[PDB]
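In: everything below, folded, please.
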Amino acid sequence: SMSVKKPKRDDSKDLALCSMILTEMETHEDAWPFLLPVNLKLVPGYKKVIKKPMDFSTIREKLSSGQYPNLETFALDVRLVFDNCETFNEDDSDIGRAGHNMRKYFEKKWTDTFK
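Out: Numbering: from 1, shown residues only. The protein structure is shown below:
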């Protein structure tokens, strides 16, 4: 509350560390469904159904331009990429499996770097 604070966690490396995680997600072999924005002119149903599209290149641009206020807003966008994928793709599809695999990969890196 006012003039009552928990001890200050060092957040000075968060930006660099989120960038490293994001590099590792970009270079994973199952990243291909997620590298670029879904083409809303060429994919029927996407625009109407997925209210907040997100992809790795869009996260990279937001990261690089100071549009994440803290490491939690960064994790929310990464998770959004996988939640969108699950909303639109069957579990038993290459893209559906890709999304489960990447979400796992991400969550481990996240816990190991920050928890």
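
In: check contacts around the closest residue to residue 57 other than its chain neighbours.
Out: Counting by Cβ to Cβ, 6 or more residues apart in numbering, residue 36 is the residue found nearest to residue 57 once chain neighbours are left out, at 5.4 Å. To be clear about C-beta, it is placed using only N, CA and C from the backbone, and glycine gets the same treatment. Contacts were defined as Cβ atoms under 8 Å, 6 or more residues apart in numbering; by that measure residue 36 touches 55, 56, 57.

In: just these now: which is nearest residue 114?
Out: Among these, residue 56 lies closest to residue 114 (Cβ to Cβ), at 19.1 Å.

In: residues in contact with the closest one?
Out: By Cβ under 8 Å, 6+ apart, the residues touching residue 56 are 22, 25, 26, 31, 34, 35, 36, 81.

In: buried stuff in the helix or strand encompassing residue 105?
Out: Following DSSP states H and E, the helix or strand that holds residue 105 is helix 94-114. Of the residues in helix 94-114, those scored as buried under the neighbour-count criterion (16 or more other Cβ atoms under 10 Å) are 96, 98, 99, 102, 103, 105, 106, 109, 110.

In: in a markdown table: those, plus distance to residue 64.
Out: Rendered in a markdown table, the data for those read as follows (distance: Cβ to Cβ, whole Å):
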| residue | distance to residue 64 |
| --- | --- |
| 96 | 30 |
| 98 | 24 |
| 99 | 24 |
| 102 | 21 |
| 103 | 23 |
| 105 | 22 |
| 106 | 19 |
| 109 | 19 |
| 110 | 19 |
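
In: between those, which is closest to residue 3?
Out: Minimum separation from residue 3 among the buried residues of helix 94-114 (Cβ to Cβ) is found for residue 110, which lies at 32.6 Å.
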